[PDB]
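J.: Could you have a look at this structure, given as structure tokens, before my questions?
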Amino acid sequence: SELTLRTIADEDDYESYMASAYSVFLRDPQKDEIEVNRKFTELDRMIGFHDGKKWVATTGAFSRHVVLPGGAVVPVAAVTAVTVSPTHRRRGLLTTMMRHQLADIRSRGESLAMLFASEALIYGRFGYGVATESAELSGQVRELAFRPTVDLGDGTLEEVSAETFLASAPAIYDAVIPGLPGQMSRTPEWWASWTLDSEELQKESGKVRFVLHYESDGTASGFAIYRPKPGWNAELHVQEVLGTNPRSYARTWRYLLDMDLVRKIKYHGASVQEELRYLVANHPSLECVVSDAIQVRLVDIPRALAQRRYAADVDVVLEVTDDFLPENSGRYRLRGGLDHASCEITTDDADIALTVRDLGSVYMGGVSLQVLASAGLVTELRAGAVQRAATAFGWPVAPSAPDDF
Amino acid sequence: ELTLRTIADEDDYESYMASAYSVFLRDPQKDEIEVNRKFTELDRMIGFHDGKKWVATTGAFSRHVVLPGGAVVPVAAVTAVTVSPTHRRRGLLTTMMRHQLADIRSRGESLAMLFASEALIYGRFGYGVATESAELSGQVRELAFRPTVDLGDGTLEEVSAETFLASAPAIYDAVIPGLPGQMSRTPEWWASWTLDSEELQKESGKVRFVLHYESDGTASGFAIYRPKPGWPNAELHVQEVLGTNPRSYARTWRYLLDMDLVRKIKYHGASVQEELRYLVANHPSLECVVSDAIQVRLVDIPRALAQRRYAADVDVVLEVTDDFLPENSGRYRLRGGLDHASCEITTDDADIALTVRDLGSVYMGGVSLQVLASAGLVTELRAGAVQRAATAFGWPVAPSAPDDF
Amino acid sequence: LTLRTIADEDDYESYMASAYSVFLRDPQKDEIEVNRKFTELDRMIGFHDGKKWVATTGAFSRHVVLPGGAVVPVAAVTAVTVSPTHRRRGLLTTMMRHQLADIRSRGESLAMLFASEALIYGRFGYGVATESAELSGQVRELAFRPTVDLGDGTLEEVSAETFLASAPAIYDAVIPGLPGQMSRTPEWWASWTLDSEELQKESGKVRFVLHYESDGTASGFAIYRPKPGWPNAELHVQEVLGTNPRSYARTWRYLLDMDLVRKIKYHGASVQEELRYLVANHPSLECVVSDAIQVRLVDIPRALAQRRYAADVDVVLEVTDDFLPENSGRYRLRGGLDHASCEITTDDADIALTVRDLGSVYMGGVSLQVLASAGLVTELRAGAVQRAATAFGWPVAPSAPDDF
Amino acid sequence: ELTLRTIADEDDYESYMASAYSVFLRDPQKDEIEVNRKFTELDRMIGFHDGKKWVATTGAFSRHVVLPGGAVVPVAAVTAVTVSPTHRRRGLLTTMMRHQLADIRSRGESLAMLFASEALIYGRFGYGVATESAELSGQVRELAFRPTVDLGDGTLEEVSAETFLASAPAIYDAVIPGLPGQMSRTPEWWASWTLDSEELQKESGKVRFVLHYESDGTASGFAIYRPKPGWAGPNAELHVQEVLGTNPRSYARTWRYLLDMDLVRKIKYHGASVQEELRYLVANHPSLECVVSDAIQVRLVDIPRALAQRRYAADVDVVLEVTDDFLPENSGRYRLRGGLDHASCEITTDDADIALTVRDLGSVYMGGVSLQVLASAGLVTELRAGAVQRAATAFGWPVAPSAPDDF
Amino acid sequence: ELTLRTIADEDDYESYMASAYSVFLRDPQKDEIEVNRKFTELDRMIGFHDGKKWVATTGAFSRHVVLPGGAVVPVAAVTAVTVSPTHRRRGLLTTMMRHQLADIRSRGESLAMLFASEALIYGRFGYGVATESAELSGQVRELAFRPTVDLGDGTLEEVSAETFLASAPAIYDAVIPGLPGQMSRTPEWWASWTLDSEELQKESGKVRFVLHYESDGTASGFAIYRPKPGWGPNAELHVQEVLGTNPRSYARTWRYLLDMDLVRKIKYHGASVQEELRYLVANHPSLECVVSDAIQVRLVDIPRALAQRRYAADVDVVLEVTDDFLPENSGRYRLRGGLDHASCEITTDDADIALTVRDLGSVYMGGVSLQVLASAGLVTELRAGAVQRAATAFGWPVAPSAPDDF
């Protein structure tokens with residue numbers, strides 16, 4: 001079979017392309033999600049191999065924008081639909097698609113690519129490093145009272161339709177995400193996918209429901225997305241809770257936790273430092289399971305390092321090795337702080353030796369460079385450099401998982 | 001008719017400990033009671049006695065804890081906090097803690113530490129959760145390391161407790177200056193930590209000890225673990241693994257993971273940033289459950305803040321409120337960095353308002369001050385203060401739980 | 001917020017949709033449509049915020065069998081919900097005052113409410129008066145005692161239409177001796193026999209059995225659903241009744257000897273279901289007892305005079321009604337097997353109790369003596385509680401009617 | 001008033017099948033009823049009708065089965081054996097089977113075959129369990145092969161049902177002469193075997209087809225399987241329906257394809273042979289659990305012809321005193337002389353060597369049950385020394401019989 | 001420094017066995033170690049010692065096994081195969097097995113046998129799985145027999161170990177000539193098999209013994225089992241062994257266990273895959289049957305081993321045998337065998353079948369068909385028709401079964 005590397009040509013090609021990706025993951029095509037995700041799909045970013053009659057490998061990317069530590073919003077390739085047919089494994093198709101993709105990503109001005117760890121077929125390859133984690137939070141709602149000093153405010157709550165939700169939630173989201181690195185901008189089209197009452201999740205629980213929190217003056221200041229799972233021990237499956245101030249956030253959670261016929265609540269994909277964890281008076285009642293979320297592939301190292309901000313002053317020379325794309329290998333001087341950042345090639349002595357994968361892992365402040373060094377994955381060349389750089393690459397607010405893609 | 005008093009003699013000690021186990025619905029563990037007597041100070045074991053039996057207890061061990069920066073300071077290790085079920089909610093627990101904190105203050109100890117598993121006083125009296133632990137587990141067949149992990153030329157021997165105790169203290173003493181939260185281990189504390197307790201034999205099996213030797217014969221790592229034979233589901237329950245360099249640590253874990261007839265491994269009480277988590281190539285194969293470990297009660301706030309070091313420079317004024325011990329309330333100027341730290345009463349404008357409980361929570365660098373502020377528990381009074389203070393109160397190495405007490 | 005009743009059919013479906021939504025469920029369209037046929041819109045009250053319903057409380061006009069066989073009108077309260085954004089604001093209490101007042105003005109002396117209406121469990125003077133049993137076990141372990149006469153009867157699996165031509169007459173014949181059961185019009189039979197999608201997913205399509213005497217007379221029936229194996233095939237019995245002991249036992253034996261069945265379940269049976277005593281080895285038939293029907297007495301003197309009593313009783317009851325204080329008072333009850341009267345008196349009181357606890361003992365399913373030993377009922381003169389407890393009992397325990 | 005009759009028309013056919021599914025506590029599977037109609041002969045589908053509904057059923061398909069030695073003989077594939085619960089234990093099952101067995105012999109079929117899952121007549125009427133099946137399962141990561149197993153240079157493609165049916169029949173036809181118990185598959189039987197039944201979609205997922213190609217392009221192996229995506233930890237499963245190959249390399253390579261598939265945790269093959277080659281390819285047998293259970297029951301209706309139609313693992317000259325309780329006209333004393341290349345059977349007056357029932361004779365007929373074990377159990381009686389041992393070996397076969405496609 | 005040596009004295013023995021249990025993640029079973037010493041030959045227990053503890057072990061018992069055809073030949077019962085986890089993949093297992101197999105051959109033992117539960121060397125060194133066992137289990141209420149099964153006039157008695165040991169050996173000795181794979185049981189081996197081990201007491205209960213008597217008083221059957229009391233009601237019986245000298249005593253003894261009052265479930269681990277109980281039960285689906293490996297065979301003297309057993313039918317085949325671990329056994333062998341004869345010698349005639357010594361061992365006890373190994377690609381047919389004839393001859397009408405544990 002002669003394989004052709006090409007992009008999606010038309011709409012029937014798109015549906016066949018997406019059908020093959022679901023098939024590799026042992027799943028039927030989710031037609032409702034395929035239709036709503038088409039609205040922000042760029043066909044010339046959806047590449048793959050075709051054997052003349054079917055798609056045998058895929059790799060796509062969405063043009064998105066991600067918040068960096070410090071609040072800067074930079075373009076990012078949201079990589080998705082990474083599959084190879086099981087009949088075509090270990091034949092170079094994944095490598096070829098990824099080489100073409102990273103080259104196209106770099107030419108578009110995107111300094112990095114981001115990829116959910118659940119894209120298991122390329123986990124930990126090609127320079128992708130796990131940079132963000134998520135927490136699954138769960139527990140009995142009767143055991144999740146808040147600490148008494150938590151102010152709930154004078155707010156009110158209303159369960160509303162999707163249309164009403166989408167008229168207020170975007171403004172709330174836009175206001176909070178500058179302080180939540182890892183979150184991504186949501187156009188109207190991305191909100192449509194994020195709030196879709198997908199058939200897949202209805203079967204797991206129930207129809208999606210939307211809540212809005214109002215200040216006393218009527219201003220929308222919080223929202224929640226969740227699904228009920230009636231008893232078969234009724235459960236609430238929370239998709240997202242956000243608020244522009246601590247009272248609306250706490251009041252919205254208190255609303256979900258005080259619902260009468262509910263026994264258990266679950267929030268998959270929360271931040272490992274979700275404020276809910278610290279509102280609860282008795283932490284052992286709220287289980288916290290931590291796992292991978294987002295992998296980062298740095299594609300333009302100097303621009304990426306210069307675009308984010310750093311928790312403290314740092315002046316360090318990094319000997320960066322890029323095994324997959326050796327043209328990115330080089331020795332860079334990083335000068336950064338809270339309000340400034342620059343990165344340039346230098347011939348001075350290197351302070352730290354590390355790979356582009358490990359550099360990507362620490363880029364969002366969710367993985368300590370010091371721990372990678374203590375593990376033997378990163379090498380300190382001059383005393384005190386790793387400790388100072390680890391603090392600077394960290395951030396007081398942990399990165400969190402964006403909406404699924 | 002109740003008397004507040006300390007333990008008088010050896011029969012009094014055994015009755016005292018028996019009542020503590022009884023409150024927790026357990027028979028007295030004679031082997032643990034016997035070995036822990038060797039470092040028990042009777043005049044630090046207080047309680048209520050009704051004339052014929054003990055009805056409430058609260059004890060403390062004189063220990064020494066590593067702070068962020070490596071300084072080892074004296075600390076009261078609070079233990080045996082019980083109240084009889086017929087005397088609950090009558091003020092006995094509060095009275096015992098007032099006397100205990102006063103004695104701790106009178107001994108010059110700037111802080112007390114308390115395991116969160118002391119459920120009867122969880123979150124009371126100004127104690128704040130400052131350290132977490134992770135339960136790590138998974139199928140050993142799925143826990144291969146990343147290929148760049150150097151295992152070194154080391155060798156391993158399974159040894160008796162006596163042989164283990166001839167090498168493990170020197171290894172432990174060398175690594176803990178970089179592991180805040182760990183406590184000094186005298187010979188007597190090693191005897192308890194390495195006790196082949198009957199309780200844990202029933203959960204799995206007899207304790208076993210491993211030593212890792214460098215090529216020159218130098219002991220550089222150790223492991224404590226118990227096997228749980230199949231009931232094909234044989235498990236290893238790891239109690240502790242440490243090494244003085246990345247190679248010995250990785251080689252010792254590889255030894256446990258490659259052991260024949262082993263199916264599953266479990267490490268309860270690891271660090272949430274346990275080096276093993278980043279050695280494993282496929283993170284989803286190693287489940288990570290995060291929970292409370294150590295609560296901190298600051299007893300001398302200025303001295304405690306001046307004893308630790310800070311991840312970056314900080315100059316912040318803290319308005320501290322102590323509800324339980326109002327004599328500690330006041331306005332303190334903290335000036336600290338990597339190599340210096342001072343804390344003093346000041347009349348300058350306050351930057352941050354918080355309780356002594358929340359101050360204790362961030363004290364070991366395991367809880368972000370920024371998250372406590374975003375939750376509404378801490379109040380920022382002047383712009384930018386919390387972010388700078390949160391970074392400084394953090395640490396590149398997360399604190400970890402010491403040996404149980 | 002506006003307190004009002006249902007206006008039309010679009011208002012009705014939105015009203016019912018909100019009730020399911022409060023209970024975290026999608027609307028069951030098939031059940032909503034079939035239940036409309038016995039719904040009176042002016043008995044369906046709720047709160048409306050201008051665009052949606054935020055609270056509901058309804059009632060069906062039904063008739064229930066009392067101890068002794070008397071059939072009295074009763075309000076079958078249903079659809080008690082409040083939106084989660086409007087909880088703890090008095091809406092449920094307001095609706096219940098209006099409903100109980102309307103119930104009293106309609107001449108209904110009492111209200112009945114399934115305990116599964118968890119949102120108002122144990123409030124407003126409702127007391128648990130009837131229990132139900134979930135019976136289950138392996139069919140191969142449920143042989144009957146040898147003296148059980150199965151008779152000469154025959155069985156046929158038949159369609160719903162044929163079932164509805166004979167089951168009402170069988171039902172109407174057995175319920176005079178089964179307190180707690182309610183009359184079933186054609187509309188209620190239509191709901192009771194609905195092949196609901198909800199229950200199809202739990203098991204399978206509804207099936208109907210008729211038991212015929214040797215002369216051809218239908219004398220028993222069964223409603224059940226199969227749950228094929230996923231060996232562990234189950235039968236989910238909804239109801240089995242017979243006009244004589246042979247038809248009842250023969251119909252159960254039919255279900256228990258079915259070839260591919262492993263386990264059987266009867267949820268909502270009587271705690272004194274005769275099946276429990278036909279089985280030779282009781283431990284093979286598990287019996288889990290739980291609340292079924294709550295009673296709210298609305299006109300106390302009329303209610304006690306309508307039922308009959310297992311033995312003679314002459315007692316003075318000091319009744320306290322916290323929710324509806326107009327019913328509070330001191331009542332003299334004189335009752336027996338064939339007579340019953342009740343009126344206000346000024347004589348010395350023998351027993352002090354609430355209307356809730358009075359409602360709990362009203363159907364003979366809860367012993368007044370047990371309520372007294374617990375401290376909920378207070379004896380004022382010696383020996384009164386024992387005599388009243390026996391009289392308020394009944395040789396046949398009350399049982400749960402068809403769901404509403 | 002009950003009438004024993006055959007299916008009359010198409011509405012009658014659907015009511016007949018509807019009653020059979022109802023007896024087994026199931027709704028009618030419309031898709032399976034429709035595709036199985038294509039090889040259903042209405043005059044072989046008998047039952048009892050009370051004037052308004054079917055109250056008992058028993059059917060038979062005209063099929064052909066491979067015997068030890070490779071001979072393909074006509075066989076009655078008995079199916080749809082049901083009785084209404086209100087008419088059980090009244091002789092209806094016995095009557096239908098008497099009529100069916102008589103009809104089977106007149107059609108030239110020397111034997112009938114019946115899946116053990118037809119629980120209503122398990123072990124009755126002279127049916128004896130003659131073939132077993134194995135449920136194979138395990139973690140795919142633990143199922144590496146022995147290193148000396150040659151996978152060959154072959155290639156694999158996941159393909160549609162239409163393309164699958166263009167190559168799979170030829171592969172099947174080539175291997176089954178060496179797999180006693182397998183049945184010929186016409187296009188109509190392939191259509192049922194490859195149906196993406198709604199029933200099995202709910203248990204796992206949509207059916208999938210794999211073809212193995214040699215280096216020259218020749219199709220030499222195939223697989224039918226269904227994915228069961230994950231639903232605690234990850235646990236995606238593969239439910240294998242069938243894997244066959246014309247050579248050891250295509251067979252092993254096709255299994256290696258299923259076992260190395262990404263995102264798979266567990267694999268299951270229900271209805272495999274108890275001597276499935278996969279069991280011996282796996283390096284670590286304890287990783288592949290093997291549960292053995294009944295598969296096919298055999299009812300011999302023409303005893304002399306049946307023994308003369310199969311071949312025997314070694315030479316045998318034995319006199320069998322056969323007792324047939326249900327059909328006493330088959331009772332008699334038969335001399336069997338058979339081997340690898342010859343077989344004959346006729347009534348004889350010589351002294352009998354072995355006494356046994358036709359049920360027990362049917363159990364050993366396919367080489368899946370040792371005649372020696374039946375004797376040690378007390379079910380078969382040896383009349384002259386050494387007879388059972390020689391007859392047991394000859395009635396055996398180096399390849400165990402295996403379950404055919406479901407019917 | 002490591003030393004390869006045998007056990008020197010009794011304290012050395014207990015330290016040796018302690019290390020073997022430790023490798024298998026277990027505390028030493030003192031009661032089993034004591035009773036098994038009585039038939040342990042110290043000079044057959046080899047291992048590696050580092051100067052202060054044992055770091056590797058491999059032992060062998062001198063036993064005798066019944067072959068297809070009834071011949072009872074000496075066999076090495078290999079046991080206690082361990083290596084410390086700190087000494088893995090350094091050649092210790094290979095060295096111990098080279099020395100052990102060489103000693104086995106010099107002692108006149110034509111083969112070695114090894115339980116598959118010795119997981120550390122599963123499938124290595126030429127050992128091939130030759131025998132399987134079945135775990136049989138089900139609800140006793142569902143296990144009625146076929147009606148034509150004659151139970152006889154026998155009687156049953158629950159007896160003490162001493163009373164059991166006065167009759168069980170004679171019953172056992174009478175049935176095993178027809179049960180290939182079973183091994184002779186001296187008094188010392190009976191003592192281990194009937195030990196009321198603390199390990200099995202914890203899994204269920206104290207061992208119990210049953211004897212079946214004919215009408216004339218003759219002991220004709222026995223059973224070994226342990227009760228597991230209820231902990232829904234669910235008391236279990238764990239059967240260790242049931243044997244009878246005739247079909248009636250076997251069936252009656254099983255009927256006794258299945259009709260025992262207050263029992264819900266019965267389990268027989270380590271039965272034959274052709275255990276007679278499977279065919280007595282009227283409804284096979286009520287008796288679950290899980291088949292797994294039992295005994296591995298290592299042929300060390302190929303010509304004598306092939307000549308010592310008998311074959312189900314005549315065979316004249318030339319075997320090209322490859323022995324990778326012990327290449328001195330590699331060669332081309334002509335096997336001529338039948339029901340009453342067997343001979344084997346090296347030949348230069350054309351080979352008919354090519355196979356390894358491991359696969360040859362797998363088919364040796366009649367529990368694995370050579371034809372299936374050939375269809376799997378593990379065995380190669382060189383001339384047409386050879387495998388089919390050889391497979392039948394290597395089979396046997398009675399399947400091999402697992403002996404008592406060692």
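Ordering of the structure tokens sets the chain letters (A, B, ...), residue numbers begin anew at 1 in every chain, and ligands are numbered from 1 in the order given.
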Show me, as a PyMOL selection string, the residues of chain C whose atoms get within 12 Å of chain D, using only C-alpha atoms for the distance check.

T.: chain C and resi 153-159+200+203-207+209-211+224-236+250-251+253-262

J.: Please save N, CA and C atoms of the selected residues as a compact mmCIF listing (two decimals), in the first residue's frame.

T.:
# COMPACT_ATOMS: atom_id res chain seq x y z
N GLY C 153 -55.68 -25.31 39.50
CA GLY C 153 -55.68 -24.15 38.63
C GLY C 153 -54.73 -24.29 37.46
N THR C 154 -54.93 -23.41 36.49
CA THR C 154 -54.11 -23.34 35.29
C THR C 154 -53.65 -21.90 35.08
N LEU C 155 -52.58 -21.74 34.30
CA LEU C 155 -51.97 -20.44 34.07
C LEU C 155 -51.74 -20.21 32.59
N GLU C 156 -51.83 -18.94 32.19
CA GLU C 156 -51.54 -18.52 30.83
C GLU C 156 -50.85 -17.16 30.88
N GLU C 157 -49.76 -17.01 30.12
CA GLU C 157 -49.18 -15.70 29.92
C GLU C 157 -49.95 -14.98 28.82
N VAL C 158 -50.43 -13.78 29.13
CA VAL C 158 -51.41 -13.11 28.28
C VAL C 158 -51.03 -11.64 28.11
N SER C 159 -51.69 -10.98 27.16
CA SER C 159 -51.45 -9.59 26.84
C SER C 159 -52.06 -8.66 27.89
N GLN C 200 -38.05 -0.96 31.88
CA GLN C 200 -37.48 -1.84 30.86
C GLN C 200 -35.96 -1.90 30.97
N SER C 203 -34.86 -4.04 33.83
CA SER C 203 -35.09 -5.47 33.64
C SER C 203 -35.53 -5.78 32.22
N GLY C 204 -36.83 -5.69 31.96
CA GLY C 204 -37.34 -6.03 30.65
C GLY C 204 -38.78 -5.61 30.50
N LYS C 205 -39.39 -6.05 29.40
CA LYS C 205 -40.77 -5.70 29.10
C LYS C 205 -41.72 -6.37 30.08
N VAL C 206 -42.79 -5.66 30.44
CA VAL C 206 -43.75 -6.16 31.42
C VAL C 206 -44.48 -7.38 30.86
N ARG C 207 -44.78 -8.32 31.75
CA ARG C 207 -45.47 -9.55 31.39
C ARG C 207 -46.59 -9.78 32.39
N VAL C 209 -49.67 -12.52 33.92
CA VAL C 209 -50.09 -13.90 34.14
C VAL C 209 -51.49 -13.89 34.75
N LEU C 210 -52.34 -14.81 34.30
CA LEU C 210 -53.65 -15.01 34.88
C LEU C 210 -53.78 -16.45 35.37
N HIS C 211 -54.35 -16.61 36.56
CA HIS C 211 -54.63 -17.92 37.12
C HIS C 211 -56.12 -18.19 37.00
N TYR C 224 -44.94 -8.93 36.38
CA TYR C 224 -43.51 -9.11 36.60
C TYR C 224 -42.77 -8.75 35.32
N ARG C 225 -41.45 -8.58 35.46
CA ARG C 225 -40.55 -8.29 34.36
C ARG C 225 -39.34 -9.22 34.43
N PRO C 226 -38.90 -9.76 33.30
CA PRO C 226 -37.69 -10.57 33.29
C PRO C 226 -36.44 -9.72 33.14
N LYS C 227 -35.37 -10.18 33.79
CA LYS C 227 -34.05 -9.58 33.64
C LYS C 227 -33.09 -10.67 33.19
N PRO C 228 -32.80 -10.77 31.89
CA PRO C 228 -31.99 -11.89 31.40
C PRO C 228 -30.57 -11.84 31.96
N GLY C 229 -29.91 -13.00 31.91
CA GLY C 229 -28.62 -13.13 32.55
C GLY C 229 -27.58 -12.21 31.92
N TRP C 230 -26.68 -11.71 32.77
CA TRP C 230 -25.65 -10.78 32.34
C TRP C 230 -24.33 -11.03 33.07
N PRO C 231 -24.52 -17.69 35.12
CA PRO C 231 -25.99 -17.66 35.16
C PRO C 231 -26.53 -16.81 36.31
N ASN C 232 -27.40 -15.85 35.99
CA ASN C 232 -27.98 -14.99 37.02
C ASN C 232 -29.23 -14.27 36.53
N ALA C 233 -30.10 -14.98 35.81
CA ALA C 233 -31.35 -14.39 35.35
C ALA C 233 -32.30 -14.14 36.52
N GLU C 234 -32.95 -12.98 36.51
CA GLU C 234 -33.82 -12.57 37.60
C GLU C 234 -35.25 -12.31 37.11
N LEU C 235 -36.20 -12.48 38.03
CA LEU C 235 -37.58 -12.06 37.84
C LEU C 235 -37.88 -10.95 38.83
N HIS C 236 -38.41 -9.83 38.34
CA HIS C 236 -38.79 -8.70 39.18
C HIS C 236 -40.31 -8.66 39.27
N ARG C 250 -50.40 -21.04 43.80
CA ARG C 250 -50.12 -21.61 42.49
C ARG C 250 -49.45 -20.59 41.58
N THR C 251 -49.87 -19.32 41.65
CA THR C 251 -49.26 -18.29 40.82
C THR C 251 -47.81 -18.05 41.21
N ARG C 253 -45.85 -20.27 42.70
CA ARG C 253 -45.14 -21.47 42.28
C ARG C 253 -44.80 -21.43 40.79
N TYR C 254 -45.68 -20.83 39.98
CA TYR C 254 -45.39 -20.67 38.56
C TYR C 254 -44.14 -19.83 38.35
N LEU C 255 -44.03 -18.71 39.06
CA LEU C 255 -42.87 -17.84 38.92
C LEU C 255 -41.60 -18.51 39.43
N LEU C 256 -41.71 -19.29 40.50
CA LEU C 256 -40.54 -19.88 41.14
C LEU C 256 -39.99 -21.10 40.40
N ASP C 257 -40.82 -21.80 39.63
CA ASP C 257 -40.38 -22.97 38.88
C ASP C 257 -39.97 -22.64 37.45
N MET C 258 -39.96 -21.37 37.06
CA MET C 258 -39.58 -21.00 35.70
C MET C 258 -38.14 -21.45 35.44
N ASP C 259 -37.91 -21.95 34.22
CA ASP C 259 -36.73 -22.78 33.95
C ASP C 259 -35.42 -22.01 34.08
N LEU C 260 -35.29 -20.87 33.41
CA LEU C 260 -34.02 -20.16 33.34
C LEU C 260 -33.85 -19.09 34.42
N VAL C 261 -34.67 -19.11 35.46
CA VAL C 261 -34.59 -18.11 36.52
C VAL C 261 -33.66 -18.60 37.63
N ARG C 262 -32.84 -17.68 38.14
CA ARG C 262 -31.98 -17.90 39.30
C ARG C 262 -32.48 -17.19 40.55

J.: Applying 10 Å and only C-alpha atoms, which residues near residue 62 in chain D remain after dropping the ones on its own chain fewer than 5 positions away? List them as an NGL selection string.

T.: :D and (39-41 or 44 or 74-78 or 104 or 107 or 109 or 112)

J.: Return the neighbours of chain A among the residues of chain B, cut-off 8 Å, counting only C-alpha atoms, as a PyMOL selection string.

T.: chain B and resi 122-123+148-150+245-247+250+273+275-276+278-279+281-284+287-292+311-312+368-372+374-377+387-388+390-391+395-397

J.: Could you tell me which residues of chain C sit within 7 Å of chain A when counting only C-alpha atoms, and give me the result as JSON, numbers by chain?

T.: {"C": [23, 24, 25, 84, 85]}

J.: Here is a test: counting only C-alpha atoms, which residue of A:340, A:53, A:64, A:100 is nearest to chain D?

T.: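 Among the listed residues, the smallest separation from chain D belongs to A:53.
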
J.: At a cut-off of 12 Å, which residues of chain E touch chain C? Count only C-alpha atoms and give the answer as a PyMOL selection string.

T.: chain E and resi 141-142+232-233+285-286

J.: Mind checking which residues fall within 7 Å of range 323-328 of chain C, counting only C-alpha atoms, ignoring those fewer than 4 positions away in the same chain, and posting them as an NGL selection string?

T.: :C and (124-125 or 299-300 or 319)

J.: Counting only C-alpha atoms, give me one row per residue of chain D with an atom at most 8 Å from an atom of chain E, showing the shortest contact pair and its distance in Å to one decimal, sorted by chain then residue number, as a tab-separated table.

T.:
residue	atom	partner	partner_atom	distance
D:122	CA	E:283	CA	7.8
D:123	CA	E:282	CA	7.7
D:148	CA	E:378	CA	7.3
D:149	CA	E:377	CA	6.6
D:150	CA	E:377	CA	7.3
D:247	CA	E:375	CA	7.8
D:248	CA	E:377	CA	5.3
D:249	CA	E:377	CA	7.5
D:252	CA	E:376	CA	8.0
D:275	CA	E:372	CA	7.0
D:277	CA	E:376	CA	5.2
D:278	CA	E:376	CA	7.6
D:280	CA	E:376	CA	7.0
D:281	CA	E:376	CA	6.7
D:283	CA	E:123	CA	7.8
D:284	CA	E:122	CA	7.9
D:285	CA	E:293	CA	7.0
D:286	CA	E:292	CA	6.6
D:289	CA	E:292	CA	7.5
D:290	CA	E:291	CA	5.6
D:291	CA	E:290	CA	4.5
D:292	CA	E:289	CA	5.6
D:293	CA	E:285	CA	6.5
D:294	CA	E:284	CA	7.0
D:313	CA	E:392	CA	6.4
D:314	CA	E:313	CA	6.5
D:370	CA	E:397	CA	6.5
D:371	CA	E:397	CA	7.9
D:372	CA	E:397	CA	5.9
D:373	CA	E:276	CA	6.7
D:374	CA	E:279	CA	7.1
D:376	CA	E:247	CA	6.1
D:377	CA	E:276	CA	5.5
D:378	CA	E:247	CA	5.5
D:379	CA	E:149	CA	6.5
D:389	CA	E:397	CA	6.5
D:390	CA	E:312	CA	8.0
D:392	CA	E:397	CA	6.2
D:393	CA	E:397	CA	5.9
D:397	CA	E:392	CA	7.0
D:398	CA	E:392	CA	5.8
D:399	CA	E:371	CA	6.8

J.: Do me a favour and pick out the residues of chain D within 12 Å of chain A, using only C-alpha atoms, as a VMD selection string.

T.: chain D and resid 154 to 160 201 204 to 208 210 to 213 217 225 to 232 234 to 239 253 to 254 256 to 265

J.: Using only C-alpha atoms, determine which residues of chain B fall within 12 Å of chain D; present them as a PyMOL selection string.

T.: chain B and resi 138-139+141-142+232+263+284-287
